[PDB]
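Next comes just one chain, in structure tokens: the form deposited in one PDB entry.
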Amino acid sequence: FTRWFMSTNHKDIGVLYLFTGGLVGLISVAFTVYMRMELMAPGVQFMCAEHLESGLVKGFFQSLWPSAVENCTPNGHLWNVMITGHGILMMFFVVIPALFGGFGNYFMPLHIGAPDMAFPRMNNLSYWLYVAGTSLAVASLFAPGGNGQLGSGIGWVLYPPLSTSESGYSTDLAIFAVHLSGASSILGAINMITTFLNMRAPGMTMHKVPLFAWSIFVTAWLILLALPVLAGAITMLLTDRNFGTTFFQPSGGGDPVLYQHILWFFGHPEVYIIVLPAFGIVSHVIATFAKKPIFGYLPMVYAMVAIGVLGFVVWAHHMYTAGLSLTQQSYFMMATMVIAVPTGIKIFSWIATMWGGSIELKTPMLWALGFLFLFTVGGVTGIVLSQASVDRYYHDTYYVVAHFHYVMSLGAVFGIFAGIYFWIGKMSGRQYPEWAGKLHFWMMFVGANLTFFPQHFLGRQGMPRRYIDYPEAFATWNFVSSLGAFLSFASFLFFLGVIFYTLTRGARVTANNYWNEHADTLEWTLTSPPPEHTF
């Protein structure tokens, strides 16, 4: 009933992370729908200052209906708040909780034959810190913030002096949210590493561990280095705002650019923390539905280790226009390019896995194959951006937006969906209906490409990031992008419907392994769902 939340079992914690990540994801996606309503056409029609003089509730409902421009005073602060909320929720409160907190907690112990995490009580606390962080993030949207309004309009990376001069305490609430997220992540990482190292089953040697378990292990190490650095960066923002320090304020001999070095030291590793567990899921899924063992097991592990390590020495590719010396720029450009090599090894090995196989195009496999194509499109755009000389033009334009949505919303998220369809039978004892899984895939596939591919054009034409409104010439591709986002949203609501149907009246799962023998890890050896106590 209500002891779902006081449970210390890795399977229950994993389910709670998945559901919660899903719900926050819905909230953050709803924000992007409203964003794309405003970007659908030039001129501001929705985010009108006039809506501020109503109730909180009435104002909300009025802001969902378009006004004529002559009746709509543009409210840039609300745009900035929405965007900041969207980003913070995704990067801290959705995708890592789903992959790492969710599938990680559920499946890693199963994959290594551990009965539970090393410290189950710590694991339960991990979850509550995530919920507390989320609540603070959400509350920040309703707290006194910038420009005498509610909410922080400062961007998900909180650059000073903008972030340190924003009025109200909304920004302080956001900083505390992020601290709580980091704490949740660190506790999780402690558990994953200890469990992985100590609690493997007899015979389960380091080079017998499934790739998903490896992806979680490597990810956990990245969290231990990256998240403490972030805790430092944002604490310094907090003291600049409230306790008289001057770390980032030039009047006291501070330097705003220093914040950027510290923040991006976390900020790059953050994206590899997002995508590594998705690499792990893709390996399991492609092996299963190709009916063929994963190609190059050892290079797959070492490629993940290499990506992880390299992800710590590239941060200033986020700072090419911020005053970096030509030497710094040249170094970070070359260091970044190297990442394409181990990543390329993983993409080719996934294709090599399919080669000579017996391919079954079930829903999980569709997500995996979409991932290969779409993550490649995003990764290759990331290589464009590593070239400082071209980044001169693209930096803080929609080309960057297109990059990161291809790798995240058409990459990591495709990994999340692959995992859901792959494992829902195993976790619930009910099977999803196949035709609906495929329909979800195609609607999302068409919609997300329509949303983001045109943003490459917008960036090339010079459309800046974080703008409520834009010159009339950007109209066409913004319109197409918005229609794509509306279709993607329809696909997500349909997905939630598919999940609801599955858990409520989906076909009863009868087999331990309802896939095939090439799903050869320990979870497929157990009942569906597994016993409360396994191993």
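For clarity, a rigid core is taken as the largest C-alpha set superposing within 1.5 Å between two forms. The first residue of the shown sequence is 1; numbering continues from there. Shifts are known only where both forms have a C-alpha.
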Mean Cα B-factor check, 111-119 vs 370-378, entry values; winner is 111-119
When the Cα temperature factors in the entry are averaged, is it 155-163 or 234-242 that ends up higher? 234-242
In terms of recorded Cα temperature factor, pick the maximum from 199, 91, 420, 407. 199
Peak C-alpha temperature factor (PDB record), options 78, 450, 443, 298: 298
On the chain's distribution of Cα B-factors, residue 32 falls within the third called lowest
Thinking about Cα B factors across the chain, which third does residue 355 belong to? highest
Ranking the modelled residues of this chain by C-alpha B-factor as given in the entry, is residue 464 in the lowest, middle or highest third? lowest
Lowest, middle or highest third - CA B-factor, residue 270: lowest
Where does the C-alpha B-factor of residue 387 rank in its chain, lowest, middle or highest third? middle
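FYI, the form deposited with a partner chain bound isn't displayed, but the following is about it.
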Contact with the partner chain in the entry with it bound, heavy atom within 4.5 Å, among 150, 190, 450, 310 goes to 190
Out of 236, 304, 110, 408, which one falls within 4.5 Å of the partner chain in the entry with it bound, going by heavy atoms? 236
Counting only non-hydrogen atoms and a 4.5 angstroms cut-off, does residue 120 reach the partner chain in the entry with it bound? yes
In the entry with it bound, does residue 229 have a heavy atom within 4.5 Å of the partner chain? yes
Do residue 429 and the partner chain share at least one heavy atom pair within 4.5 Å in the entry with it bound? no
Residue 221 within 4.5 Å of the partner chain in the entry with it bound, heavy atoms: yes
Are all three of 132, 136 and 200 close to the partner chain in the entry with it bound, meaning a heavy atom of each within 4.5 Å? yes
Only one of 102-110, 207-215, 166-174, 408-416 sits within 4.5 Å of the partner chain in the entry with it bound by heavy atom distance, namely 166-174
Superposing on the core, what residue ranges of at least 3 consecutive positions move by 2 angstroms or more in Cα between this form and the one not shown? 1-3
